[PDB]
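With CSV, C-alpha atoms and all ligand atoms inside, this is start-v5.csv:
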chain,number,residue,atom,x,y,z
A,15,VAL,CA,87.1,136.0,125.3
A,16,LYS,CA,83.6,137.2,124.2
A,17,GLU,CA,85.6,140.1,122.7
A,18,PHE,CA,87.8,137.8,120.6
A,19,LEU,CA,85.2,135.1,119.6
A,20,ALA,CA,83.0,137.9,118.1
A,21,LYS,CA,85.7,138.8,115.6
A,22,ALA,CA,86.3,135.1,114.7
A,23,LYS,CA,82.6,134.5,113.9
A,24,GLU,CA,82.8,137.2,111.3
A,25,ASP,CA,85.6,135.8,109.3
A,26,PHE,CA,84.0,132.4,109.6
A,27,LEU,CA,80.7,133.6,108.3
A,28,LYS,CA,82.1,135.3,105.2
A,29,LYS,CA,83.9,132.0,104.2
A,30,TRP,CA,81.0,129.8,105.3
A,31,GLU,CA,78.7,131.7,102.8
A,32,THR,CA,81.2,132.0,100.0
A,33,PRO,CA,83.7,129.0,100.1
A,34,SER,CA,86.8,128.8,97.9
A,35,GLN,CA,87.0,126.1,95.3
A,36,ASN,CA,89.5,124.5,93.0
A,37,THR,CA,92.6,126.3,94.4
A,38,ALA,CA,95.1,123.8,93.0
A,39,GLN,CA,95.6,120.8,90.8
A,40,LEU,CA,97.0,117.3,91.1
A,41,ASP,CA,100.1,117.9,88.9
A,42,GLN,CA,101.5,120.5,91.2
A,43,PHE,CA,102.2,117.8,93.8
A,44,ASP,CA,104.6,114.9,94.0
A,45,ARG,CA,103.0,112.0,96.0
A,46,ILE,CA,105.5,110.6,98.5
A,47,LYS,CA,104.0,108.2,101.2
A,48,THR,CA,100.8,107.3,102.9
A,49,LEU,CA,100.5,108.9,106.4
A,50,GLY,CA,97.2,107.2,107.3
A,51,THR,CA,94.1,105.5,106.1
A,52,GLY,CA,90.5,105.9,107.2
A,53,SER,CA,87.0,104.3,106.9
A,54,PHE,CA,86.6,106.7,104.1
A,55,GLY,CA,89.9,107.7,102.3
A,56,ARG,CA,93.7,107.9,102.6
A,57,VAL,CA,96.1,110.7,103.5
A,58,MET,CA,99.4,111.0,101.8
A,59,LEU,CA,102.5,113.1,102.3
A,60,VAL,CA,103.0,115.2,99.3
A,61,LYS,CA,105.5,117.8,98.1
A,62,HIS,CA,104.4,121.0,96.4
A,63,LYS,CA,106.7,121.5,93.3
A,64,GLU,CA,106.8,125.3,93.0
A,65,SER,CA,107.4,126.0,96.7
A,66,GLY,CA,109.0,122.8,97.9
A,67,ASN,CA,106.7,122.6,100.9
A,68,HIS,CA,105.3,119.4,102.3
A,69,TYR,CA,101.6,118.9,102.9
A,70,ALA,CA,99.2,116.1,103.9
A,71,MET,CA,96.8,115.4,101.1
A,72,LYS,CA,93.5,113.7,101.9
A,73,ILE,CA,92.1,111.7,99.0
A,74,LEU,CA,88.4,110.8,98.7
A,75,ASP,CA,87.1,108.3,96.1
A,76,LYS,CA,83.8,109.9,95.0
A,77,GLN,CA,82.2,106.5,94.3
A,78,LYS,CA,83.2,105.1,97.7
A,79,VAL,CA,81.8,108.3,99.3
A,80,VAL,CA,78.5,107.7,97.6
A,81,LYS,CA,78.2,104.0,98.4
A,82,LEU,CA,78.6,104.8,102.1
A,83,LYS,CA,76.1,107.7,101.8
A,84,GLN,CA,78.6,110.3,103.1
A,85,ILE,CA,77.9,112.9,100.4
A,86,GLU,CA,76.5,115.5,102.8
A,87,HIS,CA,79.1,114.8,105.4
A,88,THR,CA,82.0,115.2,102.9
A,89,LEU,CA,80.5,118.5,101.8
A,90,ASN,CA,80.3,119.6,105.5
A,91,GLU,CA,83.9,118.6,106.1
A,92,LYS,CA,85.2,120.7,103.2
A,93,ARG,CA,82.9,123.7,103.8
A,94,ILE,CA,83.7,123.9,107.5
A,95,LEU,CA,87.5,123.2,107.2
A,96,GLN,CA,88.0,126.0,104.7
A,97,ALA,CA,86.2,128.5,107.0
A,98,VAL,CA,87.7,127.8,110.4
A,99,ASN,CA,90.9,129.3,111.8
A,100,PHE,CA,92.2,128.4,115.2
A,101,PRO,CA,95.7,127.6,116.6
A,102,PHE,CA,94.9,124.0,117.4
A,103,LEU,CA,93.1,123.2,114.2
A,104,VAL,CA,94.7,121.7,111.1
A,105,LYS,CA,94.9,124.1,108.3
A,106,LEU,CA,93.5,123.5,104.8
A,107,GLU,CA,95.8,125.1,102.1
A,108,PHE,CA,94.1,124.0,98.9
A,109,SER,CA,91.2,121.8,97.7
A,110,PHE,CA,90.2,120.4,94.3
A,111,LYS,CA,88.7,117.5,92.5
A,112,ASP,CA,89.2,115.5,89.3
A,113,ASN,CA,87.1,112.8,87.6
A,114,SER,CA,87.4,110.3,90.4
A,115,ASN,CA,88.5,111.9,93.6
A,116,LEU,CA,88.1,114.8,96.0
A,117,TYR,CA,91.3,116.3,97.4
A,118,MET,CA,92.0,118.3,100.5
A,119,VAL,CA,95.5,119.6,101.0
A,120,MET,CA,96.4,120.5,104.6
A,121,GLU,CA,99.4,121.6,106.6
A,122,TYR,CA,101.6,118.6,107.4
A,123,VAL,CA,101.8,117.7,111.1
A,124,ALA,CA,104.9,115.6,111.4
A,125,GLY,CA,104.6,114.8,115.1
A,126,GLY,CA,102.4,111.7,114.6
A,127,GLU,CA,99.0,110.9,116.0
A,128,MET,CA,98.5,111.2,119.7
A,129,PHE,CA,97.3,107.6,119.4
A,130,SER,CA,100.7,106.1,118.6
A,131,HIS,CA,102.5,108.0,121.4
A,132,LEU,CA,99.8,107.2,123.9
A,133,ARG,CA,99.9,103.5,123.1
A,134,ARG,CA,103.7,103.4,123.1
A,135,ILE,CA,104.2,105.2,126.4
A,136,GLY,CA,101.2,103.6,128.2
A,137,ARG,CA,99.5,106.6,129.7
A,138,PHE,CA,100.2,110.4,130.2
A,139,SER,CA,100.8,111.8,133.7
A,140,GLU,CA,98.0,114.1,134.9
A,141,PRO,CA,99.9,117.4,134.2
A,142,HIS,CA,100.6,115.9,130.7
A,143,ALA,CA,97.0,115.1,130.1
A,144,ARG,CA,95.9,118.5,131.4
A,145,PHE,CA,98.1,120.2,128.8
A,146,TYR,CA,96.3,118.5,126.0
A,147,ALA,CA,92.9,118.7,127.6
A,148,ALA,CA,93.2,122.5,127.9
A,149,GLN,CA,93.8,122.8,124.1
A,150,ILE,CA,90.7,120.8,123.3
A,151,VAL,CA,88.7,122.9,125.8
A,152,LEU,CA,89.6,126.1,124.0
A,153,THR,CA,89.1,124.4,120.7
A,154,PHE,CA,85.6,123.2,121.6
A,155,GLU,CA,84.8,126.7,122.9
A,156,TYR,CA,85.6,128.1,119.5
A,157,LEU,CA,83.8,125.5,117.4
A,158,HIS,CA,80.7,125.6,119.5
A,159,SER,CA,80.5,129.4,119.3
A,160,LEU,CA,80.1,129.0,115.6
A,161,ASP,CA,77.3,126.5,116.0
A,162,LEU,CA,79.5,123.6,115.1
A,163,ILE,CA,79.7,120.1,116.6
A,164,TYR,CA,82.9,118.0,116.1
A,165,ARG,CA,81.5,114.5,116.8
A,166,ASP,CA,84.8,112.6,116.3
A,167,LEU,CA,87.2,113.3,119.1
A,168,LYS,CA,89.7,110.5,119.7
A,169,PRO,CA,93.5,110.1,119.9
A,170,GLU,CA,93.6,108.9,116.2
A,171,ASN,CA,92.3,112.3,115.1
A,172,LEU,CA,94.7,114.4,117.2
A,173,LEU,CA,98.2,115.2,115.8
A,174,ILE,CA,101.2,116.5,117.7
A,175,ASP,CA,103.1,119.4,116.0
A,176,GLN,CA,106.8,120.4,116.1
A,177,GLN,CA,106.3,122.4,119.3
A,178,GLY,CA,104.4,119.7,121.1
A,179,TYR,CA,101.0,121.2,120.6
A,180,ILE,CA,97.8,119.5,119.3
A,181,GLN,CA,96.3,119.9,115.9
A,182,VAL,CA,92.8,118.5,115.5
A,183,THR,CA,92.2,117.0,112.0
A,184,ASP,CA,89.4,115.1,110.4
A,185,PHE,CA,86.2,117.1,110.3
A,186,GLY,CA,84.5,114.2,108.6
A,187,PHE,CA,81.5,114.3,111.0
A,188,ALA,CA,81.6,118.0,111.8
A,189,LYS,CA,78.2,119.8,111.3
A,190,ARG,CA,76.9,123.3,111.6
A,191,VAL,CA,73.7,123.0,113.5
A,192,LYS,CA,71.4,125.1,115.8
A,193,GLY,CA,69.2,122.8,117.7
A,194,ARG,CA,69.5,119.1,117.6
A,195,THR,CA,70.6,116.5,115.1
A,196,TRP,CA,70.1,112.7,114.9
A,197,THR,CA,72.9,111.0,112.9
A,198,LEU,CA,74.3,107.9,114.5
A,199,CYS,CA,78.0,108.5,113.8
A,200,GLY,CA,81.3,108.5,115.6
A,201,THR,CA,83.5,105.9,117.3
A,202,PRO,CA,81.9,103.5,119.7
A,203,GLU,CA,84.2,104.1,122.7
A,204,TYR,CA,83.5,107.9,122.4
A,205,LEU,CA,79.7,107.9,121.8
A,206,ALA,CA,77.5,109.8,124.3
A,207,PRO,CA,74.5,107.9,125.6
A,208,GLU,CA,72.0,110.3,123.8
A,209,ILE,CA,73.5,109.1,120.5
A,210,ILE,CA,73.1,105.4,121.1
A,211,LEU,CA,69.6,105.9,122.4
A,212,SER,CA,68.6,107.7,119.2
A,213,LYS,CA,67.0,110.7,121.0
A,214,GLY,CA,68.4,113.8,119.2
A,215,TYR,CA,71.4,115.6,120.5
A,216,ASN,CA,73.4,118.7,120.6
A,217,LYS,CA,76.9,120.1,121.4
A,218,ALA,CA,76.8,118.3,124.7
A,219,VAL,CA,78.1,115.2,123.0
A,220,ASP,CA,81.5,116.8,122.4
A,221,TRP,CA,81.8,117.4,126.2
A,222,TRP,CA,81.1,113.8,126.9
A,223,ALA,CA,83.7,112.8,124.4
A,224,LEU,CA,86.2,115.1,126.1
A,225,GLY,CA,85.6,113.1,129.2
A,226,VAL,CA,86.4,109.9,127.4
A,227,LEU,CA,89.6,111.4,126.0
A,228,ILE,CA,90.9,112.7,129.4
A,229,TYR,CA,90.1,109.3,130.9
A,230,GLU,CA,91.9,107.5,128.1
A,231,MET,CA,94.9,109.7,128.3
A,232,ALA,CA,95.4,109.4,132.1
A,233,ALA,CA,94.4,105.7,132.4
A,234,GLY,CA,95.9,104.4,129.2
A,235,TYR,CA,92.6,102.8,128.2
A,236,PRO,CA,89.0,104.0,127.6
A,237,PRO,CA,86.4,104.0,130.3
A,238,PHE,CA,84.2,101.6,128.3
A,239,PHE,CA,85.5,98.8,126.2
A,240,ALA,CA,84.9,95.3,124.9
A,241,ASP,CA,85.4,93.1,121.8
A,242,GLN,CA,82.2,94.1,120.0
A,243,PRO,CA,80.6,97.6,119.7
A,244,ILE,CA,77.3,96.2,120.9
A,245,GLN,CA,78.8,95.2,124.2
A,246,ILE,CA,80.3,98.7,124.5
A,247,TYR,CA,77.0,100.5,124.0
A,248,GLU,CA,75.6,98.5,126.9
A,249,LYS,CA,78.4,99.8,129.2
A,250,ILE,CA,78.0,103.4,128.1
A,251,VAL,CA,74.2,103.3,128.7
A,252,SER,CA,74.6,101.9,132.2
A,253,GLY,CA,76.8,104.8,133.2
A,254,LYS,CA,78.9,102.7,135.6
A,255,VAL,CA,82.5,104.1,135.5
A,256,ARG,CA,85.5,102.8,137.5
A,257,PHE,CA,88.6,104.9,138.0
A,258,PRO,CA,92.2,103.8,138.3
A,259,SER,CA,93.8,104.0,141.8
A,260,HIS,CA,96.3,106.5,140.7
A,261,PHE,CA,93.6,109.0,139.6
A,262,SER,CA,93.6,112.2,141.7
A,263,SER,CA,90.5,113.3,143.6
A,264,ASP,CA,90.2,116.4,141.4
A,265,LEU,CA,90.4,114.3,138.2
A,266,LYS,CA,87.7,111.9,139.4
A,267,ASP,CA,85.5,114.9,140.2
A,268,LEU,CA,85.9,116.5,136.8
A,269,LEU,CA,85.3,113.1,135.1
A,270,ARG,CA,82.1,112.4,137.0
A,271,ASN,CA,80.8,115.8,135.7
A,272,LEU,CA,81.7,115.1,132.1
A,273,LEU,CA,80.8,111.4,132.0
A,274,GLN,CA,77.3,112.4,133.2
A,275,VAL,CA,74.5,110.5,131.5
A,276,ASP,CA,71.9,113.2,132.4
A,277,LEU,CA,72.6,115.9,129.9
A,278,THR,CA,70.9,118.4,132.2
A,279,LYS,CA,73.8,118.0,134.7
A,280,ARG,CA,76.7,117.4,132.3
A,281,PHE,CA,79.4,120.0,132.6
A,282,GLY,CA,79.7,122.1,129.5
A,283,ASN,CA,75.9,122.0,129.0
A,284,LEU,CA,74.9,124.0,132.0
A,285,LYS,CA,74.2,127.7,132.5
A,286,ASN,CA,77.9,128.7,132.8
A,287,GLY,CA,78.7,126.8,129.7
A,288,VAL,CA,82.4,126.2,129.2
A,289,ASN,CA,83.2,128.0,132.5
A,290,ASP,CA,82.2,125.1,134.7
A,291,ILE,CA,85.1,123.3,133.1
A,292,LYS,CA,87.7,126.1,133.0
A,293,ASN,CA,87.1,127.0,136.6
A,294,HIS,CA,87.2,123.4,137.9
A,295,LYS,CA,89.8,122.4,140.4
A,296,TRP,CA,91.7,120.2,138.0
A,297,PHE,CA,92.5,123.1,135.8
A,298,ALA,CA,93.5,125.5,138.6
A,299,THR,CA,97.1,125.7,137.6
A,300,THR,CA,96.2,126.1,133.9
A,301,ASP,CA,96.9,129.6,132.4
A,302,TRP,CA,94.3,129.7,129.6
A,303,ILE,CA,95.8,132.7,127.8
A,304,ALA,CA,99.3,131.2,127.9
A,305,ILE,CA,98.2,128.0,126.1
A,306,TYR,CA,96.2,129.8,123.4
A,307,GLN,CA,99.3,131.9,122.7
A,308,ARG,CA,101.5,128.7,122.8
A,309,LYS,CA,103.8,130.2,125.5
A,310,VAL,CA,103.6,127.1,127.6
A,311,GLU,CA,106.4,124.5,128.1
A,312,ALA,CA,105.3,121.5,126.1
A,313,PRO,CA,105.8,118.3,128.2
A,314,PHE,CA,106.7,116.1,125.2
A,315,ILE,CA,108.2,117.2,121.9
A,316,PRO,CA,108.5,114.5,119.2
A,317,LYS,CA,111.8,114.2,117.4
A,318,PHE,CA,111.7,114.9,113.7
A,319,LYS,CA,114.8,114.9,111.4
A,320,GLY,CA,114.1,117.6,108.8
A,321,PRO,CA,111.2,118.3,106.5
A,322,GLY,CA,109.4,115.3,105.0
A,323,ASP,CA,110.4,113.0,107.8
A,324,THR,CA,107.5,110.5,108.4
A,325,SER,CA,109.3,108.5,111.1
A,326,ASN,CA,106.5,109.4,113.6
A,327,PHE,CA,103.9,107.6,111.5
A,328,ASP,CA,103.3,103.9,110.9
A,329,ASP,CA,103.9,102.4,107.4
A,330,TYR,CA,100.9,101.5,105.2
A,331,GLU,CA,100.4,99.6,102.0
A,332,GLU,CA,100.9,102.1,99.2
A,333,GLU,CA,98.1,102.2,96.7
A,334,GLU,CA,98.1,103.7,93.2
A,335,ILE,CA,95.8,106.7,92.7
A,336,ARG,CA,93.4,106.0,89.9
A,337,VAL,CA,91.8,108.8,87.7
A,338,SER,CA,89.0,107.6,85.4
A,339,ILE,CA,88.8,109.0,81.9
A,340,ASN,CA,85.1,109.7,82.6
A,341,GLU,CA,83.8,112.2,85.2
A,342,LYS,CA,82.3,110.4,88.2
A,343,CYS,CA,79.4,111.9,90.3
A,344,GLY,CA,79.7,115.4,88.8
A,345,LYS,CA,76.3,116.8,90.0
A,346,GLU,CA,76.6,115.5,93.6
A,347,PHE,CA,79.9,117.2,94.3
A,348,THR,CA,79.3,120.5,92.4
A,349,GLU,CA,79.9,122.8,95.3
A,350,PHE,CA,83.0,121.0,96.4
E,5,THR,CA,93.8,93.9,136.0
E,6,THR,CA,91.8,96.3,133.8
E,7,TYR,CA,94.9,97.1,131.8
E,8,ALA,CA,95.6,93.5,131.1
E,9,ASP,CA,92.0,93.0,130.1
E,10,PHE,CA,92.3,95.9,127.7
E,11,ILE,CA,95.6,94.8,126.1
E,12,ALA,CA,94.0,91.4,125.5
E,13,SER,CA,90.9,92.8,123.8
E,14,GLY,CA,90.5,93.2,120.1
E,15,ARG,CA,90.2,97.0,120.2
E,16,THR,CA,93.7,98.3,121.0
E,17,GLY,CA,94.5,99.5,117.5
E,18,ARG,CA,93.3,102.4,115.4
E,19,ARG,CA,89.5,102.5,115.8
E,20,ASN,CA,87.4,103.3,112.8
E,21,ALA,CA,84.2,105.4,112.7
E,22,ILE,CA,80.7,104.0,112.6
E,23,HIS,CA,78.2,105.7,110.2
E,24,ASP,CA,74.6,106.1,109.1
T,1,LIG,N1,97.4,117.4,108.4
T,1,LIG,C1,97.9,116.2,108.7
T,1,LIG,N2,99.2,116.0,109.0
T,1,LIG,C2,99.8,114.8,109.2
T,1,LIG,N3,99.1,113.6,109.3
T,1,LIG,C3,97.8,113.8,109.0
T,1,LIG,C4,97.1,115.0,108.7
T,1,LIG,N4,95.8,114.7,108.5
T,1,LIG,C5,95.6,113.5,108.6
T,1,LIG,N5,96.8,112.8,108.9
T,1,LIG,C6,96.8,111.3,109.2
T,1,LIG,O1,95.8,110.7,108.4
T,1,LIG,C7,94.9,110.0,109.2
T,1,LIG,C8,93.5,110.1,108.6
T,1,LIG,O2,93.1,111.4,108.4
T,1,LIG,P1,91.6,111.7,108.6
T,1,LIG,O3,91.1,113.0,108.1
T,1,LIG,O4,91.3,111.5,110.1
T,1,LIG,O5,90.9,110.5,107.7
T,1,LIG,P2,89.5,109.7,107.9
T,1,LIG,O6,88.5,110.8,108.0
T,1,LIG,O7,89.4,108.7,106.7
T,1,LIG,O8,89.7,109.1,109.2
T,1,LIG,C9,95.1,110.6,110.6
T,1,LIG,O9,94.6,109.8,111.7
T,1,LIG,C10,96.6,110.9,110.6
T,1,LIG,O10,97.4,109.8,111.0
T,2,MG,MG,90.0,109.9,111.3
T,3,MG,MG,86.7,110.6,109.4
Would it be possible to restate this file's structure as C-alpha cells?
Ligand SMILES: Nc1ncnc2c1ncn2[C@@H]1O[C@H](COP(=O)(O)OP(=O)(O)O)[C@@H](O)[C@H]1O
Ligand SMILES: [Mg+2]
Ligand SMILES: [Mg+2]
Amino acid sequence: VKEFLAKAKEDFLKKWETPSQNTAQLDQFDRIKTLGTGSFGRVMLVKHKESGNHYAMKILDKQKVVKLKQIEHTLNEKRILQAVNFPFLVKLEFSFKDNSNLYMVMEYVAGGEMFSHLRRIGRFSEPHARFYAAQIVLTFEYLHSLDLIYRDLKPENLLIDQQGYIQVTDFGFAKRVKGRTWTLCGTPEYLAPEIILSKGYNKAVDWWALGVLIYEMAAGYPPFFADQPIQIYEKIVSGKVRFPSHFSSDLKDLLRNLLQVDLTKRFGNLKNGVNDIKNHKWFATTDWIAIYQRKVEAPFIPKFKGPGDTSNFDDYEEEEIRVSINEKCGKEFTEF
Amino acid sequence: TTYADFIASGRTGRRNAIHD
C-alpha cells in the first residue's frame, strides 16, 4: 500500500499546484434533466454533442455562492476534484464558467444515490453494509494520505455505479489541511463531537462519520436523530449510543471504537492509523485488494435501461439556467 | 420502536448541509 500511495501523491501534487481550467463550454452540452439539488446548486444530466456521452453537470450560481460565503469552499472543491484519481471517486471531466455560473462536468453515475435504495429497502444486511464500508475505508485512506478531509459523508453523497460499486461525489467541504481546522460545516447527524464543541479538529472527523454511515446502513436509521438539529447535537455530545438487537457482536465492537467521543481512543486516529479498522474482526472476511480491483461480487446491482436512463433518481422541478449579460464576481473566481 | 420513532420524525428525507 505504502508503495502505491507514494505514486498517487505525485500525480496529485502536480495537478494540485497547476490545475486545469476552462476545458469546455456550455454550448457543447444539451441539458436533459435534473438529477439532484443541493443547499448550494443543482446537478443536471447532460449530453455531450461531439461524443454523444452523458455526464452529470453541477451548476453553481456565483452570486448564491457569495451570499452564503462559500467562495473558498467552492474553490477547494474544484481544485481537489480535478486533482484526485481513485476508483471509488466520481471523476471530473471538464470545468468552466460563464457570466453567472460555475460548472463542473463529471462522469454520470446512473445507479442513483445510496440514500434512495437505503430508504426503499429499509436497511442493508451486514455483509451488504461491509461491502460498501470497505470501499469508504480505502477511499478515506487515499484522501487522508494527501492531507485531505472529506467532511460530508452521508448516503446522499454516495452513488451506486453500473457494477454496484460506490462513487463518492460532492467535495463541497473537502479541504487540504495539515494540522487542524475550525469550520462548523457538514450534516447534523454526521457531525463529530469535536466540531459541535468548536475545538479545532482533524482527519478524525471522517472516521467518526464512517461510524455513523455503517450504523445507518445496518440499522436503517442514524445513531442520533430528532426533529431539530439542536436536539441532535445534544445526543451526539452525550455519547450515549444504543444498538439494534440484530447487530452482531463484532459490529457493535467496531462501532464503539468509531463512535468514540475521546479522539485519543477513536479508531483511525491511533498509532496504527487505518490498520486498526482494516484488521478488526468485522472486516476479517474482507479481501482488501479484491475490492480495490473491483473483482468482488456486488451484492446489489441497480437496473438501468440504456445510457441516459434516470429512472434511479427522483424527479425535481426543472429550472431554467440564466446567464446574465454582465460578468458576475469575476475577481473572486479567477482561479476557477 | 426506534424505527417507528425515526419514520415519524421530520428528518427522513434528503438532509442538507449546515455551513459557516
Ligand atoms: N456524478 C454524478 N452522477 C450522477 N448523479 C450525481 C452525480 N453528482 C451528483 N449527482 C446527484 O446530485 C446530487 C447533488 O450533487 P452534490 O455535489 O452532492 O451537490 P451539493 O453539493 O449541492 O449537495 C447528489 O446527491 C446526486 O443525487
Ligand atoms: Mg451533497
Ligand atoms: Mg455539498
Taking all atoms listed in the file into account, report as a PyMOL selection string which residues have an atom no farther than 7 Å from an atom of ligand LIG 1 (chain T). chain A and resi 49-57+70+72+104+120-124+126-127+170-171+173+183-186+327
Contact set, chain E to chain A: 7 Å, all atoms listed in the file, as a PDB file with C-alpha atoms, in the frame of the given file:
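Dumped to iface_9.pdb:
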ATOM      1  CA  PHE E  10      92.300  95.900 127.700  1.00  0.00           C
ATOM      2  CA  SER E  13      90.900  92.800 123.800  1.00  0.00           C
ATOM      3  CA  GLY E  14      90.500  93.200 120.100  1.00  0.00           C
ATOM      4  CA  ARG E  15      90.200  97.000 120.200  1.00  0.00           C
ATOM      5  CA  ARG E  18      93.300 102.400 115.400  1.00  0.00           C
ATOM      6  CA  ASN E  20      87.400 103.300 112.800  1.00  0.00           C
ATOM      7  CA  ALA E  21      84.200 105.400 112.700  1.00  0.00           C
ATOM      8  CA  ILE E  22      80.700 104.000 112.600  1.00  0.00           C
ATOM      9  CA  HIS E  23      78.200 105.700 110.200  1.00  0.00           C
ATOM     10  CA  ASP E  24      74.600 106.100 109.100  1.00  0.00           C
TER      11      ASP E  24
END
For a cut-off of 10 Å around (81.5, 110.8, 98.8), file coordinates, pick out all residues using only C-alpha atoms and list them as a VMD selection string. chain A and resid 54 to 55 74 to 89 115 to 116 343 346 to 347
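In terms of minimum interatomic distance to residue 111 (chain A), A:41 ranks closest within A:328, A:220, A:41, A:334, counting all atoms listed in the file.
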Work out how far CA of residue 147 (chain A) is from CA of residue 293 (chain A), in Å to one decimal.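 So the two atoms, CA of residue 293 (chain A) and CA of residue 147 (chain A), lie 13.5 Å apart.
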Could you please determine the separation between CA of residue 161 (chain A) and CA of residue 191 (chain A) in Å, to one decimal place? 5.6 Å
Could you name the residues that touch region 16-29 of chain A at 10 Å or less, counting all atoms listed in the file, but leaving out those on the same chain fewer than 6 positions away, as a ChimeraX atom specification? /A:93-100,155-157,159-161
Atom-to-atom span, CA of residue 231 (chain A) and CA of residue 144 (chain A), Å: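 Atom-to-atom, CA of residue 231 (chain A) to CA of residue 144 (chain A), that is 9.4 Å.
Nearest residue to residue 314 (chain A), choosing from A:142, A:67, A:119, A:48 and counting all atoms listed in the file: A:142.
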